[PDB]
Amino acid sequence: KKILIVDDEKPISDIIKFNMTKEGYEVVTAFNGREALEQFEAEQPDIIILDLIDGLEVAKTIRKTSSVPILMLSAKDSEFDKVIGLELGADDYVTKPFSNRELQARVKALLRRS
């Protein structure tokens, strides 16, 4: 399975890439909205981890063409934030800082379900 990680901070991208690789996924990365949409089109990931082009707008664009699972990750943890991510098409929304095991379990649940 192939995961696209969309994160503008290289430290957190590396941690998630490390942990997903350790589980046996193939990982592609993108560091802005433009690279995210290019990578999504060119790589056809099975799942996108897509921090908050602007994260809400990426997920909006993707859902125009694709039902690929999207897991949003964000330091923003208010009800407004979670609800709007989910309404714009996220399948799940996880806050930073996150537990590495929990993120892995949530990626697996999403993959199982699609």
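Note that residue numbering begins at 1 and tracks the sequence as displayed.
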Unmodelled residues of the deposited sequence between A59 and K60: none, 1 to 3, 4 to 9, or 10 or more? none
From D46, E26, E38, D51, pick the one with the largest CA B-factor in the entry? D51
Chain-relative C-alpha B factor for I12 (record values, thirds): the highest
According to the PDB entry, is the CA B factor of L86 in the bottom, middle or top third of its chain, that is, lowest, middle or highest? middle
Using the B-factor values recorded in the entry, state whether the Cα atom of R113 falls in the lowest, middle or highest third among the modelled residues of its chain. highest
Tertile call for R106 (CA temperature factor, within chain, third-based) is the lowest
